[PDB]
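What follows is a single structure, written as structure tokens, with notes after it.
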Amino acid sequence: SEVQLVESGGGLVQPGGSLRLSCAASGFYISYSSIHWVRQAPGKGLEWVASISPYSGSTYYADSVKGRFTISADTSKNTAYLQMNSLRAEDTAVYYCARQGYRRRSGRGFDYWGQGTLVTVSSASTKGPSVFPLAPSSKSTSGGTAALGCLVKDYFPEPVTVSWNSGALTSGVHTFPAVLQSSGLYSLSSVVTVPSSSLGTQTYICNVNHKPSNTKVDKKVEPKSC
Amino acid sequence: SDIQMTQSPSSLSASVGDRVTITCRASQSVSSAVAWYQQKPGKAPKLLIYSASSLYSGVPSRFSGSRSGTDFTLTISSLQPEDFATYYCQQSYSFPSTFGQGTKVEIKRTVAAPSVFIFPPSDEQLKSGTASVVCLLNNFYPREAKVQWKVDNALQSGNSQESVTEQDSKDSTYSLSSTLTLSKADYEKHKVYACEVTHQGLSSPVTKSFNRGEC
RNA sequence: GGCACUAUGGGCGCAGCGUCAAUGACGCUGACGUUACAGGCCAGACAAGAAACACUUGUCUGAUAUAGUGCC
């Protein structure tokens, strides 16, 4: 269980840029394993990217990256690298490094995986999100339950972190996936259903946190009446 | 000539206790050089099967791998609440490596109807010149549900974007989001905005709406 | 390119020839002897080595692989 893999080095890059991921083997020696990079485009499945083979240092690449990406290990550092050049947007994914287990114990299965490092390719720039309240119209309360939420609009890139009332009130909370808009920015909205007795008695404030732009927003949600 | 690994089905909706089978076919022979991974959302993949039928470690016995020619199948003998991830096949027989595009395996529950809520834009948001009208479908099952935007009994199109949760853990429901985007000018040109939901749980499509200054 | 014939390890000495040293050591070259013993060479299949390829080792199957000399 001391076996671990840790990726690093991702973030946003313009098209045509370059990014160099690391993968930090702890608990075994990189020297004696095949090491792979697998990416996962957001909303998609797994796509294989590359591998470097032990002893011979022989490498292999995906058809799609064969010429822009380069895999390498530093045995002295117990870290395998990924040199991504001349990035394109469809290179955007979470990138995972994985170890091929021992020939006589797991065949060619990848038995330990990293955590994943996210990499966005975009010529869009950073943007903090604007937080608007979806106010609970207690104008209607049938099952004694109104719905309230925060609209988190026009940010880039993702992720975003939406707590509600600072970690309390986790129950019935539905934060949605972001969606890309024709603008090229993302928008998502988080909601929570609550008793409409406690409407007013309790006060409801969503906790947004978009660290790519260093914005810690807090927005209060409440109706406005006549 | 890459070897393609065509996984099927793309989706699978079962209930606990069921026997489940997921197939994958190699466009050429891969010998038995085939792995199976389970992936739950946000997390890294877990190896389940290596060498097409041998079970990696930590894998319960209900899982099992199978080969027949170029036809590789994972089967779960009796589905458990834990065995509700996406599943991928991989060929490692030649380079470049290949994966299936995955199989999403979802819980099956009783048919639940959506509780429909609708939201005008904010004064803050209209203070800045754009109007987002957001409608909410809450805690229903199954997934497939139509949402129709009428503005003054007129169907809209293309000015709205949907968004759906993953299945809940406790009651294994869904929730869906829809957002009509407008310039603040176009928003102020109309009075009736409506959100029309057709779902199986509804005998008749349920509608929610509002006026412009309605308070 | 084909055919024939001939040669092919390891020590151990012999010579020659080096390099650093500093008259030391170890290489390199012998159809140069000698020899317990045997190997050496090329390729394929399969296995194993922390091992998809490459590398190294083992088993199996073939013969090959070099050079030299003729003839065609």
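Each chain of the structure tokens is named A, B, ... in the order shown, its residues numbered from 1; ligands are numbered from 1 in display order.
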Residues of chain B within 10 Å of chain C, only C-alpha atoms (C1' of nucleotides) counted, as a count of residues only: 5
DSSP strand (DSSP E or B) selection over region 80-180 of chain B, as JSON, numbers by chain: {"B": [86, 87, 88, 89, 90, 91, 98, 99, 103, 104, 105, 106, 107, 112, 115, 116, 117, 118, 119, 130, 131, 132, 133, 134, 135, 136, 137, 138, 139, 140, 141, 146, 147, 148, 149, 150, 151, 155, 160, 161, 162, 163, 164, 174, 175, 176, 177, 178, 179, 180]}
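Using only C-alpha atoms, the shortest contact distance between residue 111 (chain A) and any of A:34, A:40, A:197, A:214 is found at A:34.
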Close residues, residue 45 (chain C) itself excluded, 12 Å, only C-alpha atoms (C1' of nucleotides), min 6 positions apart in chain, as a ChimeraX atom specification: /C:59-62
Just-selected residues, N, CA and C atoms (P, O5', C5', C4', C3', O3' and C1' of nucleotides) written as a PDB file, in the first residue's frame:
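For reference, part.pdb as written:
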```
ATOM      1  P     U C  59      21.453 -25.395 -22.359  1.00  0.00           P
ATOM      2  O5'   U C  59      20.120 -26.052 -22.947  1.00  0.00           O
ATOM      3  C5'   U C  59      19.331 -26.901 -22.139  1.00  0.00           C
ATOM      4  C4'   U C  59      17.939 -27.029 -22.673  1.00  0.00           C
ATOM      5  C3'   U C  59      17.800 -27.560 -24.088  1.00  0.00           C
ATOM      6  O3'   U C  59      17.887 -28.968 -24.173  1.00  0.00           O
ATOM      7  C1'   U C  59      16.437 -25.674 -23.834  1.00  0.00           C
ATOM      8  P     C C  60      18.540 -29.621 -25.478  1.00  0.00           P
ATOM      9  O5'   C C  60      17.501 -29.356 -26.657  1.00  0.00           O
ATOM     10  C5'   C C  60      16.256 -30.030 -26.678  1.00  0.00           C
ATOM     11  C4'   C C  60      15.334 -29.476 -27.726  1.00  0.00           C
ATOM     12  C3'   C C  60      15.852 -29.507 -29.149  1.00  0.00           C
ATOM     13  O3'   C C  60      15.736 -30.777 -29.753  1.00  0.00           O
ATOM     14  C1'   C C  60      14.945 -27.384 -28.703  1.00  0.00           C
ATOM     15  P     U C  61      16.876 -31.287 -30.764  1.00  0.00           P
ATOM     16  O5'   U C  61      16.469 -30.626 -32.156  1.00  0.00           O
ATOM     17  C5'   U C  61      15.164 -30.795 -32.690  1.00  0.00           C
ATOM     18  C4'   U C  61      14.830 -29.712 -33.682  1.00  0.00           C
ATOM     19  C3'   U C  61      15.780 -29.546 -34.857  1.00  0.00           C
ATOM     20  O3'   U C  61      15.565 -30.494 -35.886  1.00  0.00           O
ATOM     21  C1'   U C  61      15.286 -27.430 -33.952  1.00  0.00           C
ATOM     22  P     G C  62      16.763 -31.434 -36.403  1.00  0.00           P
ATOM     23  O5'   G C  62      17.977 -30.458 -36.670  1.00  0.00           O
ATOM     24  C5'   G C  62      18.536 -30.402 -37.969  1.00  0.00           C
ATOM     25  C4'   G C  62      18.003 -29.219 -38.727  1.00  0.00           C
ATOM     26  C3'   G C  62      19.049 -28.418 -39.498  1.00  0.00           C
ATOM     27  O3'   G C  62      19.269 -28.882 -40.820  1.00  0.00           O
ATOM     28  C1'   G C  62      17.941 -26.982 -38.025  1.00  0.00           C
TER      29        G C  62
END
```
Chain C contacts to chain A at 8 Å (only C-alpha atoms (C1' of nucleotides)) as a PyMOL selection string: chain C and resi 50-51+53-55
Residue contacts of region 24-33 of chain C (8 Å, only C-alpha atoms (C1' of nucleotides)) excluding same-chain residues fewer than 6 positions away, as a count of residues only: 6
Give one line per residue of chain A that approaches chain B to at most 7 Å, naming the two atoms of the closest pair and their distance in Å to one decimal, counting only C-alpha atoms; sort by chain then ascending residue number and deliver it as JSON lines.
```
{"residue": "A:45", "atom": "CA", "partner": "B:101", "partner_atom": "CA", "distance": 5.4}
{"residue": "A:46", "atom": "CA", "partner": "B:99", "partner_atom": "CA", "distance": 6.7}
{"residue": "A:47", "atom": "CA", "partner": "B:99", "partner_atom": "CA", "distance": 6.7}
{"residue": "A:48", "atom": "CA", "partner": "B:97", "partner_atom": "CA", "distance": 6.3}
{"residue": "A:61", "atom": "CA", "partner": "B:96", "partner_atom": "CA", "distance": 6.6}
{"residue": "A:62", "atom": "CA", "partner": "B:96", "partner_atom": "CA", "distance": 5.7}
{"residue": "A:106", "atom": "CA", "partner": "B:50", "partner_atom": "CA", "distance": 5.8}
{"residue": "A:107", "atom": "CA", "partner": "B:51", "partner_atom": "CA", "distance": 5.9}
{"residue": "A:108", "atom": "CA", "partner": "B:92", "partner_atom": "CA", "distance": 6.4}
{"residue": "A:109", "atom": "CA", "partner": "B:50", "partner_atom": "CA", "distance": 5.2}
{"residue": "A:110", "atom": "CA", "partner": "B:47", "partner_atom": "CA", "distance": 6.5}
{"residue": "A:111", "atom": "CA", "partner": "B:47", "partner_atom": "CA", "distance": 5.6}
{"residue": "A:113", "atom": "CA", "partner": "B:44", "partner_atom": "CA", "distance": 6.3}
{"residue": "A:114", "atom": "CA", "partner": "B:44", "partner_atom": "CA", "distance": 6.9}
{"residue": "A:115", "atom": "CA", "partner": "B:44", "partner_atom": "CA", "distance": 6.0}
{"residue": "A:132", "atom": "CA", "partner": "B:122", "partner_atom": "CA", "distance": 6.3}
{"residue": "A:133", "atom": "CA", "partner": "B:122", "partner_atom": "CA", "distance": 6.5}
{"residue": "A:134", "atom": "CA", "partner": "B:119", "partner_atom": "CA", "distance": 5.9}
{"residue": "A:147", "atom": "CA", "partner": "B:117", "partner_atom": "CA", "distance": 7.0}
{"residue": "A:176", "atom": "CA", "partner": "B:165", "partner_atom": "CA", "distance": 5.8}
{"residue": "A:177", "atom": "CA", "partner": "B:163", "partner_atom": "CA", "distance": 6.3}
{"residue": "A:225", "atom": "CA", "partner": "B:215", "partner_atom": "CA", "distance": 5.4}
{"residue": "A:226", "atom": "CA", "partner": "B:215", "partner_atom": "CA", "distance": 5.3}
```
Any chance you could export the current selection's N, CA, C and O atoms as a short mmCIF file (atom, residue, chain, number, x, y, z; two decimals), in the first residue's frame?
```cif
data_model
loop_
_atom_site.label_atom_id
_atom_site.label_comp_id
_atom_site.auth_asym_id
_atom_site.auth_seq_id
_atom_site.Cartn_x
_atom_site.Cartn_y
_atom_site.Cartn_z
N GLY A 45 -14.18 8.54 -22.09
CA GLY A 45 -13.50 7.38 -21.57
C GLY A 45 -12.00 7.59 -21.58
O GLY A 45 -11.50 8.71 -21.71
N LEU A 46 -11.28 6.46 -21.45
CA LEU A 46 -9.83 6.43 -21.30
C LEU A 46 -9.20 6.35 -22.69
O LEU A 46 -9.66 5.59 -23.55
N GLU A 47 -8.18 7.17 -22.93
CA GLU A 47 -7.40 7.05 -24.15
C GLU A 47 -5.94 6.88 -23.76
O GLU A 47 -5.45 7.55 -22.84
N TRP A 48 -5.27 5.92 -24.37
CA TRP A 48 -3.87 5.65 -24.05
C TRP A 48 -3.01 6.66 -24.78
O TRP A 48 -3.32 7.05 -25.90
N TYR A 61 4.11 5.55 -28.68
CA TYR A 61 3.15 6.66 -28.62
C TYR A 61 1.85 6.34 -29.35
O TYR A 61 1.81 5.54 -30.29
N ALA A 62 0.78 6.98 -28.88
CA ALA A 62 -0.51 6.98 -29.58
C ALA A 62 -0.39 7.68 -30.94
O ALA A 62 0.37 8.63 -31.11
N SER A 106 0.44 -9.89 -12.69
CA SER A 106 -0.72 -9.24 -13.26
C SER A 106 -0.63 -9.15 -14.78
O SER A 106 -1.36 -8.35 -15.38
N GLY A 107 0.23 -9.93 -15.42
CA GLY A 107 0.34 -9.85 -16.85
C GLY A 107 0.72 -8.46 -17.30
O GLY A 107 1.62 -7.83 -16.72
N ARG A 108 0.02 -7.96 -18.32
CA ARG A 108 0.21 -6.59 -18.78
C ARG A 108 -0.83 -5.62 -18.20
O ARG A 108 -0.91 -4.47 -18.64
N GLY A 109 -1.60 -6.04 -17.19
CA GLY A 109 -2.50 -5.12 -16.52
C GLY A 109 -1.78 -3.95 -15.88
O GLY A 109 -0.65 -4.07 -15.37
N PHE A 110 -2.44 -2.77 -15.91
CA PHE A 110 -1.97 -1.58 -15.21
C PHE A 110 -2.54 -1.66 -13.80
O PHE A 110 -3.75 -1.49 -13.63
N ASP A 111 -1.67 -1.90 -12.79
CA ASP A 111 -2.16 -2.27 -11.46
C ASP A 111 -2.19 -1.13 -10.45
O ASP A 111 -2.98 -1.18 -9.51
N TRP A 113 -2.48 3.23 -10.40
CA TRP A 113 -2.73 4.45 -11.17
C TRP A 113 -2.51 5.68 -10.32
O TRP A 113 -2.79 5.69 -9.12
N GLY A 114 -2.03 6.73 -10.98
CA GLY A 114 -1.96 8.02 -10.34
C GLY A 114 -3.34 8.54 -9.95
O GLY A 114 -4.36 7.85 -9.94
N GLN A 115 -3.34 9.80 -9.56
CA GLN A 115 -4.51 10.55 -9.15
C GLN A 115 -5.17 11.26 -10.31
O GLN A 115 -6.38 11.46 -10.30
N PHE A 132 -25.00 34.46 -9.11
CA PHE A 132 -26.33 34.99 -9.00
C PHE A 132 -27.19 34.03 -8.21
O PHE A 132 -26.98 32.81 -8.27
N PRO A 133 -28.14 34.52 -7.44
CA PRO A 133 -28.98 33.62 -6.67
C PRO A 133 -30.24 33.22 -7.42
O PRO A 133 -30.93 34.08 -7.96
N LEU A 134 -30.52 31.93 -7.49
CA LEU A 134 -31.87 31.46 -7.78
C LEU A 134 -32.69 31.48 -6.50
O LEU A 134 -32.58 30.57 -5.67
N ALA A 147 -37.18 25.19 -3.49
CA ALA A 147 -35.85 24.96 -4.02
C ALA A 147 -35.12 26.29 -4.19
O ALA A 147 -35.67 27.24 -4.75
N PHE A 176 -24.52 20.77 -10.28
CA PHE A 176 -24.62 20.23 -11.63
C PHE A 176 -23.30 20.31 -12.36
O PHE A 176 -22.40 21.05 -11.96
N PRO A 177 -23.15 19.57 -13.44
CA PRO A 177 -21.97 19.74 -14.29
C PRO A 177 -21.94 21.13 -14.90
O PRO A 177 -22.98 21.74 -15.19
N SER A 225 -40.22 39.44 -2.38
CA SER A 225 -41.59 39.83 -2.03
C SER A 225 -42.15 41.02 -2.80
O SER A 225 -41.61 41.42 -3.84
N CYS A 226 -43.25 41.58 -2.30
CA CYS A 226 -43.86 42.79 -2.85
C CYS A 226 -43.32 44.04 -2.18
O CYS A 226 -42.44 44.72 -2.71
#
```
Members of region 67-151 of chain B assigned helix (DSSP H, G or I) by DSSP, as a PyMOL selection string: chain B and resi 123-127
